[PDB]
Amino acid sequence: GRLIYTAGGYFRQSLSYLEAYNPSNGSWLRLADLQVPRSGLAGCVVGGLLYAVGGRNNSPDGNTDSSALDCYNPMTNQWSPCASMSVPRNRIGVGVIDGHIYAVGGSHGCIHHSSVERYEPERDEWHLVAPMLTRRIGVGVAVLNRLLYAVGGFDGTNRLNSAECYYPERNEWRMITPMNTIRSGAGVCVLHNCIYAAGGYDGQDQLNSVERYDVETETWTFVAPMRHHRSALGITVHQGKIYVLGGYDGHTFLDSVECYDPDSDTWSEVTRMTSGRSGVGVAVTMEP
């Protein structure tokens, strides 16, 4: 894996862009568009292939929540459809455990899901697993030590500071320590032994604060805030650093890409996306 891929997003309407950033030389490549423009989707990688999951096609012709799973192969620069999920999931969170994709929460119209389902690429099948204890849309999801975490979000009435963990061998969800901040549409990732929650929306403001959950201590601690307040940001980890892409700051759909170095506890601007956007799906895989 060597490029940071950003798929979809929103700027005036849902986007079909697939673009890839090379941290080693600062270059951006524009690759094959998604077959359907989608915002509020998630991206992930299994076996070197990039998957785009869920989202919504917000267009002048009609708004449709997506149950789609599409696969991009960097060796061919082509997207291929996969089996669709049981239900549409806009503002979804996804995590990968042992080659399986877990699709978590998200919305279908006014329905805010607590349901979760798992995709097996070798069978091209989805199956429902135990639902979360809380309905969550705009939920951040990360995997640490083969355990799946669902962080923050919106339950249909309130934005959440709560978080929960899924234990696959017990098919059970249990609440973990809540975050110090309410966050919906935060960027959630894993770095070292911690789950980071960056930015998001608390129901009033877009946030620049960043906190991390240490799974051995069960505590959330704030780290250095980002240079920009961002909600509905893309996030990924590459070579021990967190990269945040775009998002909305309450005024502009950002093109800013910042990088967090955990050793210095500093955020730096590293590049700008080709255009400002929010609600993207991000993941790292081999160059095309």
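Note that residue numbering begins at 1 and tracks the sequence as displayed. The term rigid core refers to the most C-alpha atoms you can superpose between the two forms while keeping them within 1.5 Å.
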property	result
RMS CA shift, core-fitted in 9 other deposited structures of this protein, bigger for 56-64 or for 230-238	56-64
Between 227-235 and 26-34 (mean CA B-factor, as deposited), the higher	26-34
Per the entry, higher mean C-alpha B factor between 122-130 and 180-188	122-130
Most elevated Cα B-factor in the entry, residues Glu164, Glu117, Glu211, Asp98	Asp98
Highest recorded Cα temperature factor - choice among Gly153, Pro88, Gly105, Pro81	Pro81
CA B-factor ranking of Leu207, expressed as a third of its chain	middle
Chain thirds of CA B-factor: placement of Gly54	lowest
Lowest, middle or highest third - CA B-factor, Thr221	middle
Within-chain third of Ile111 by Cα B-factor, per the entry	middle
Entry-reported Cα temperature factor of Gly47, expressed as the chain third it lands in	highest
